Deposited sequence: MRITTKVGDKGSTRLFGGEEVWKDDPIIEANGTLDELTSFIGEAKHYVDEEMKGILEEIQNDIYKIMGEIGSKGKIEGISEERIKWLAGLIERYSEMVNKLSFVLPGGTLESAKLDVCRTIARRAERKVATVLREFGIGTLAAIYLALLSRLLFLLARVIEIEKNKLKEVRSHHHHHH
């Protein structure tokens, strides 16, 4: 129960920080972050229910992979928005660690762990893309 509580709390922190950071990005990245928040809500629903409630699907992971591929062609906190995204990335890494702990303890959350790894990669890429576009 303790790993479940810690993972859900870390995911709540991650989605709160993403909700804070989405007000500094453009409309496209704001919509991407809102979809990410919805996916985090699904992951929290699955983890808090110990897998009884269905969580995210592989389609969301494919969506994250497509975003990573699209943005991969293009000190933390080069800009303020980049700093917000870097903070979100660190919290996403911590949430990934917590979900990995949950998966070992209960066997639920493989797709969630994959999604969180891809999410940390995407947050890093989005911060770098914001820095590049603002510099350009």
May I ask you to mark the stretches of the deposited sequence that the structure leaves without C-alpha coordinates?
1-23, 98-104, 167-178
